[PDB]
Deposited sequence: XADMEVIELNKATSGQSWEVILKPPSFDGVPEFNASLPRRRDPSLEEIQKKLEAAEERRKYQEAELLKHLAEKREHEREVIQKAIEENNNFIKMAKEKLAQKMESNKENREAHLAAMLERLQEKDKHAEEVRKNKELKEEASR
């Protein structure tokens, strides 16, 4: 049955009032930080940008390390191929020279054998000459 009506304002396109059904059971109205600073805002935005830029730089540092490894694998294949050439070249020169030496040695040994036969023959001839004429 009870209701307190307090007229507030009256205007050209409006009217307002306050309707109170019950007063507050507890009297004494209710039972902050500044500002912020443009400098404080800028410091935080700059710090976040430096973090974003630092991580992008780290990604780039790692991608550059991959480029370095790429050059190192290309170089390794060049070096292994070069050592293969060098190895084959020396193995082949050694084999061709050893074979030359052995073949010329075999030819020298057989010619020396035949030359000894000639020395023996002249010695045989000597004996025949000692027997012939110098007898009868």
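Unmodelled regions of the deposited sequence, numbered from residue 1: 1, 33-38.
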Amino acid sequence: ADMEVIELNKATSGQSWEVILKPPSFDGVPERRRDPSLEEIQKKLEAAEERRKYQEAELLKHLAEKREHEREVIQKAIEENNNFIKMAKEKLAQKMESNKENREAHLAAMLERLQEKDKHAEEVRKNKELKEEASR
From here on, numbers count along this sequence of modelled residues.
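Only the largest set of C-alpha atoms that superpose within 1.5 Å between the two forms is called the rigid core.
Greater average departure of CA atoms from the shown form, over structures and residues in 7 other deposited structures of this protein after a core fit, characterises 22-30 among 85-93 and 22-30. For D35, the fraction of other compared entries lacking coordinates, among those that model flanking residues, reaches at least a third.
The deposited model assigns a higher average Cα B-factor to 22-30 than to the other stretch when 22-30 and 86-94 are compared.
Judged by mean Cα B factor in the deposited record, 32-40 ranks above the other of 48-56 and 32-40. Residue-level temperature factors show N127 in the highest third of its chain, judged at the C-alpha atom. When the CA B factors of the chain's modelled residues are split into thirds, the value for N9 lands in the highest one.
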